[PDB]
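Quick notes on the structure that follows.
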Amino acid sequence: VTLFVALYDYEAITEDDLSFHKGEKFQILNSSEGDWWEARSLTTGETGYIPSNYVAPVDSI
Amino acid sequence: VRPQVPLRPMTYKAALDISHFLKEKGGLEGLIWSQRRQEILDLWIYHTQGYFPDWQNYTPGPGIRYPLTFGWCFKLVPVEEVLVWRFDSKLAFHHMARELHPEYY
């Protein structure tokens with residue numbers, strides 16, 4: 001019910017983080033606290049941690 | 001330029017993941033140490049991956065310098081003080097730093 005999108009590219013070094021490009025969309029799996037949220041890409045389908053501030057609501061800008 | 005990522009605490013896993021990434025890329029392996037170089041690394045990592053740069057430290061004293069953070073698997077090796085980055089998989093299984101300088105823990 002709440003979808004976010006890549007404002008910028010990001011590329012991971014750790015296997016548990018999710019690499020992506022700008023425009024890649026995301027469903028959020030874990031807003032535990034860590035500003036690194038768990039997310040699923042709507043482009044690949046893959047799941048892993050991403051930096052929260054790289055993504056924006058599909059309702060704002 | 002893409003902006004700063006959020007801060008997150010280092011973990012054994014992350015340390016290891018990175019060790020291996022930098023070995024895989026080669027790059028660091030066999031490069032001569034320098035405060036400036038190390039700062040360059042610490043920056044890239046802190047900005048790109050959000051890990052605070054207090055982790056990539058090594059033991060003091062003449063001879064080989066062993067890493068303080070468990071699972072950072074690069075040591076600094078004299079060559080002929082004057083040191084070069086050297087990878088060592090054993091350092092993922094052994095905390096040589098703690099064995100030699102347990103006063104830090």
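By convention here, the chains of the structure tokens are called A, B, ... in the order presented, each chain's residues are numbered starting at 1, and ligands are numbered starting at 1 in the order presented.
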Would you give me, as a Markdown table, each residue of chain B having an atom within 7 Å of an atom of chain A, along with its shortest atom pair and that distance in Å to one decimal, using only C-alpha atoms and sorting by chain and residue number?
| residue | atom | partner | partner_atom | distance |
| --- | --- | --- | --- | --- |
| B:2 | CA | A:8 | CA | 6.3 |
| B:5 | CA | A:51 | CA | 5.9 |
| B:6 | CA | A:35 | CA | 6.1 |
| B:14 | CA | A:14 | CA | 6.2 |
| B:17 | CA | A:14 | CA | 5.3 |
| B:18 | CA | A:13 | CA | 6.3 |
| B:21 | CA | A:13 | CA | 6.5 |
Export of prior selection with N, CA, C and O atoms as a short mmCIF file (atom, residue, chain, number, x, y, z; two decimals), in the first residue's frame:
data_model
loop_
_atom_site.label_atom_id
_atom_site.label_comp_id
_atom_site.auth_asym_id
_atom_site.auth_seq_id
_atom_site.Cartn_x
_atom_site.Cartn_y
_atom_site.Cartn_z
N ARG B 2 25.86 11.50 -6.19
CA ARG B 2 24.85 10.93 -5.30
C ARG B 2 25.19 11.30 -3.86
O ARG B 2 26.37 11.39 -3.51
N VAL B 5 24.87 8.39 2.41
CA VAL B 5 23.95 7.35 2.86
C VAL B 5 23.91 7.31 4.39
O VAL B 5 24.84 7.77 5.03
N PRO B 6 22.86 6.74 5.01
CA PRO B 6 22.74 6.74 6.47
C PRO B 6 23.83 5.94 7.15
O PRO B 6 24.37 5.01 6.57
N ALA B 14 29.89 -7.57 7.46
CA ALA B 14 30.18 -6.43 6.60
C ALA B 14 31.70 -6.29 6.34
O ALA B 14 32.15 -6.19 5.18
N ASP B 17 32.70 -9.13 4.04
CA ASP B 17 32.16 -8.82 2.73
C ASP B 17 33.05 -7.82 2.01
O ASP B 17 33.35 -7.98 0.81
N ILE B 18 33.48 -6.79 2.74
CA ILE B 18 34.29 -5.74 2.13
C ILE B 18 35.71 -6.22 1.84
O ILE B 18 36.20 -6.04 0.73
N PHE B 21 35.50 -8.05 -1.25
CA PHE B 21 35.23 -7.18 -2.37
C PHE B 21 36.50 -6.49 -2.86
O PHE B 21 36.74 -6.42 -4.05
#
List as a compact mmCIF listing (two decimals) with N, CA, C and O atoms, in the first residue's frame the protein and nucleic acid residues near stretch 39-43 of chain A, meaning an atom at most 8 Å away when only C-alpha atoms are counted, but skip any in the same chain fewer than 3 places from it.
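Result file is result_7.txt:
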# COMPACT_ATOMS: atom_id res chain seq x y z
N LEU A 18 21.08 -4.01 -1.54
CA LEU A 18 20.41 -4.07 -2.83
C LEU A 18 20.90 -2.97 -3.76
O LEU A 18 20.59 -1.79 -3.54
N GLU A 24 14.14 2.69 -10.39
CA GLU A 24 13.83 1.36 -9.84
C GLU A 24 12.86 1.59 -8.67
O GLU A 24 13.12 2.44 -7.81
N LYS A 25 11.73 0.87 -8.66
CA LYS A 25 10.69 1.03 -7.63
C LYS A 25 10.80 -0.05 -6.56
O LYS A 25 11.40 -1.09 -6.80
N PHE A 26 10.23 0.21 -5.39
CA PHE A 26 10.43 -0.62 -4.21
C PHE A 26 9.20 -0.77 -3.34
O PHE A 26 8.51 0.21 -3.05
N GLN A 27 8.97 -2.01 -2.91
CA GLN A 27 8.06 -2.33 -1.80
C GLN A 27 8.95 -2.55 -0.57
O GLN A 27 10.01 -3.19 -0.68
N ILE A 28 8.51 -2.03 0.58
CA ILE A 28 9.31 -2.01 1.80
C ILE A 28 8.98 -3.21 2.69
O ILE A 28 7.82 -3.43 3.03
N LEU A 29 10.00 -3.98 3.07
CA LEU A 29 9.84 -5.20 3.86
C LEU A 29 10.15 -5.04 5.35
O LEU A 29 9.67 -5.83 6.16
N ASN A 30 10.98 -4.05 5.69
CA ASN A 30 11.48 -3.88 7.06
C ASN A 30 11.94 -2.44 7.35
O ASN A 30 13.04 -2.02 6.95
N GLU A 46 14.44 -8.69 -6.46
CA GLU A 46 15.40 -9.07 -5.44
C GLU A 46 15.17 -8.26 -4.17
O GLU A 46 14.63 -7.15 -4.22
N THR A 47 15.59 -8.85 -3.05
CA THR A 47 15.35 -8.35 -1.70
C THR A 47 16.64 -8.17 -0.92
O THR A 47 17.48 -9.07 -0.88
N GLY A 48 16.77 -7.02 -0.26
CA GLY A 48 17.98 -6.66 0.48
C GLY A 48 17.89 -5.24 1.01
O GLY A 48 16.92 -4.50 0.70
N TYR A 49 18.89 -4.85 1.81
CA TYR A 49 18.85 -3.61 2.55
C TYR A 49 19.29 -2.47 1.66
O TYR A 49 20.20 -2.63 0.86
N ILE A 50 18.60 -1.34 1.79
CA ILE A 50 18.90 -0.13 1.04
C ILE A 50 18.89 1.09 1.96
O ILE A 50 18.25 1.09 3.01
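Computed from the coordinates, the atom CA of residue A:20 to atom CA of residue B:53 distance equals 24.3 Å.
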Exercise. Which residue gives the smallest distance to residue B:97 among B:66, B:72, B:82, B:38, with only C-alpha atoms counted?
Worked result: B:66
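Nearest residue to residue B:9 among B:27, B:65, B:46, B:35 is B:46, counting only C-alpha atoms.
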Exercise. Using the chain letters and numbers from this document, which residues of stretch 8-91 of chain B does DSSP assign to helix (DSSP H, G or I), as a PyMOL selection string?
Worked result: chain B and resi 12-24+35-49+89-91
Using the selection just defined, write its residues with N, CA, C and O atoms as a tab-separated table (two decimals), in the first residue's frame.
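The new file part_10.tsv reads:
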chain	number	residue	atom	x	y	z
B	12	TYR	N	30.99	-8.00	11.76
B	12	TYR	CA	31.98	-8.94	11.26
B	12	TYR	C	31.71	-9.20	9.81
B	12	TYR	O	32.58	-9.06	8.97
B	13	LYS	N	30.46	-9.58	9.51
B	13	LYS	CA	30.01	-9.90	8.18
B	13	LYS	C	30.39	-8.79	7.23
B	13	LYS	O	31.14	-9.02	6.31
B	14	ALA	N	29.89	-7.57	7.46
B	14	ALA	CA	30.18	-6.43	6.60
B	14	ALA	C	31.70	-6.29	6.34
B	14	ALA	O	32.15	-6.19	5.18
B	15	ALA	N	32.47	-6.31	7.43
B	15	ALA	CA	33.92	-6.24	7.36
B	15	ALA	C	34.46	-7.29	6.38
B	15	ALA	O	35.31	-6.99	5.55
B	16	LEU	N	33.96	-8.52	6.50
B	16	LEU	CA	34.40	-9.64	5.68
B	16	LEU	C	33.99	-9.43	4.25
B	16	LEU	O	34.82	-9.54	3.35
B	17	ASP	N	32.70	-9.13	4.04
B	17	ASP	CA	32.16	-8.82	2.73
B	17	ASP	C	33.05	-7.82	2.01
B	17	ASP	O	33.35	-7.98	0.81
B	18	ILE	N	33.48	-6.79	2.74
B	18	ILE	CA	34.29	-5.74	2.13
B	18	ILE	C	35.71	-6.22	1.84
B	18	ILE	O	36.20	-6.04	0.73
B	19	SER	N	36.35	-6.85	2.83
B	19	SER	CA	37.67	-7.44	2.65
B	19	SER	C	37.70	-8.11	1.30
B	19	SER	O	38.55	-7.79	0.45
B	20	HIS	N	36.74	-9.02	1.10
B	20	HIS	CA	36.65	-9.86	-0.09
B	20	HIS	C	36.38	-9.04	-1.34
B	20	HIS	O	36.96	-9.30	-2.38
B	21	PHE	N	35.50	-8.05	-1.25
B	21	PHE	CA	35.23	-7.18	-2.37
B	21	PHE	C	36.50	-6.49	-2.86
B	21	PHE	O	36.74	-6.42	-4.05
B	22	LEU	N	37.29	-5.97	-1.92
B	22	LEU	CA	38.50	-5.22	-2.26
B	22	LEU	C	39.62	-6.11	-2.76
B	22	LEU	O	40.45	-5.67	-3.57
B	23	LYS	N	39.65	-7.36	-2.28
B	23	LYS	CA	40.58	-8.34	-2.81
B	23	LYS	C	40.19	-8.67	-4.24
B	23	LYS	O	41.05	-8.72	-5.12
B	24	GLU	N	38.89	-8.87	-4.45
B	24	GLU	CA	38.33	-9.28	-5.74
B	24	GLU	C	38.67	-8.22	-6.77
B	24	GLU	O	39.18	-8.54	-7.83
B	35	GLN	N	48.66	7.50	5.16
B	35	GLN	CA	47.52	8.09	5.87
B	35	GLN	C	46.51	8.64	4.88
B	35	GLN	O	45.32	8.37	4.99
B	36	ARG	N	47.00	9.40	3.89
B	36	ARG	CA	46.17	10.01	2.84
B	36	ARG	C	45.38	8.97	2.01
B	36	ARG	O	44.20	9.16	1.74
B	37	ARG	N	46.05	7.87	1.64
B	37	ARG	CA	45.42	6.79	0.90
B	37	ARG	C	44.32	6.17	1.75
B	37	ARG	O	43.17	6.09	1.33
B	38	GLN	N	44.67	5.76	2.97
B	38	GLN	CA	43.72	5.18	3.91
B	38	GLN	C	42.51	6.06	4.13
B	38	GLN	O	41.39	5.56	4.24
B	39	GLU	N	42.73	7.37	4.22
B	39	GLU	CA	41.65	8.34	4.38
B	39	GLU	C	40.75	8.32	3.15
B	39	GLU	O	39.53	8.38	3.28
B	40	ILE	N	41.37	8.21	1.97
B	40	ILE	CA	40.64	8.09	0.72
B	40	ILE	C	39.68	6.90	0.77
B	40	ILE	O	38.50	7.03	0.45
B	41	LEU	N	40.19	5.74	1.20
B	41	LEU	CA	39.37	4.55	1.36
B	41	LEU	C	38.23	4.79	2.35
B	41	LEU	O	37.06	4.69	1.98
B	42	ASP	N	38.59	5.12	3.60
B	42	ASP	CA	37.65	5.36	4.70
B	42	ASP	C	36.49	6.28	4.31
B	42	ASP	O	35.36	6.08	4.77
B	43	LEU	N	36.82	7.28	3.49
B	43	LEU	CA	35.85	8.23	2.95
B	43	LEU	C	34.88	7.53	2.03
B	43	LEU	O	33.67	7.54	2.28
B	44	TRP	N	35.41	6.92	0.96
B	44	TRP	CA	34.59	6.23	-0.03
B	44	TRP	C	33.61	5.34	0.69
B	44	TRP	O	32.42	5.42	0.44
B	45	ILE	N	34.11	4.50	1.60
B	45	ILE	CA	33.28	3.57	2.34
B	45	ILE	C	32.24	4.28	3.20
B	45	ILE	O	31.06	3.97	3.13
B	46	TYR	N	32.66	5.27	3.99
B	46	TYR	CA	31.75	6.01	4.85
B	46	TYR	C	30.62	6.70	4.08
B	46	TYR	O	29.46	6.67	4.50
B	47	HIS	N	30.96	7.33	2.95
B	47	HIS	CA	29.99	8.06	2.14
B	47	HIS	C	29.06	7.09	1.40
B	47	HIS	O	27.85	7.21	1.49
B	48	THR	N	29.65	6.14	0.66
B	48	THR	CA	28.96	5.20	-0.21
B	48	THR	C	28.17	4.16	0.55
B	48	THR	O	27.05	3.85	0.17
B	49	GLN	N	28.76	3.61	1.62
B	49	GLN	CA	28.19	2.48	2.35
B	49	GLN	C	27.81	2.75	3.82
B	49	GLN	O	27.32	1.85	4.49
B	89	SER	N	43.49	-14.44	4.44
B	89	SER	CA	42.22	-15.08	4.74
B	89	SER	C	42.19	-15.61	6.16
B	89	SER	O	41.12	-15.64	6.75
B	90	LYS	N	43.35	-15.98	6.70
B	90	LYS	CA	43.45	-16.47	8.09
B	90	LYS	C	42.89	-15.47	9.08
B	90	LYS	O	42.45	-15.85	10.16
B	91	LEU	N	42.94	-14.18	8.72
B	91	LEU	CA	42.53	-13.10	9.60
B	91	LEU	C	41.03	-13.03	9.76
B	91	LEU	O	40.55	-12.30	10.63
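Residues of chain A carrying a DSSP assignment of strand (DSSP E or B), computed from the backbone, are residues 3, 4, 5, 6, 10, 17, 20, 25, 26, 27, 28, 29, 30, 36, 37, 38, 39, 40, 41, 47, 48, 49, 50, 51, 55, 56 and 57 of chain A.
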For this session: To one decimal in Å, tell me the separation between atom CA of residue B:55 and atom CA of residue A:31.
Result: 26.0 Å
For residue B:93, please output as a PDB file with C-alpha atoms, in the first residue's frame all residues within 10 Å (counting only C-alpha atoms; exclusion window: fewer than 5 positions along the same chain).
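Here's the written file selection06.pdb:
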ATOM      1  CA  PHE B  70      37.593  -8.771  13.298  1.00  0.00           C
ATOM      2  CA  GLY B  71      36.884  -9.729   9.702  1.00  0.00           C
ATOM      3  CA  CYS B  73      41.242  -9.262   6.484  1.00  0.00           C
ATOM      4  CA  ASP B  88      45.226 -12.739   4.614  1.00  0.00           C
TER       5      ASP B  88
END
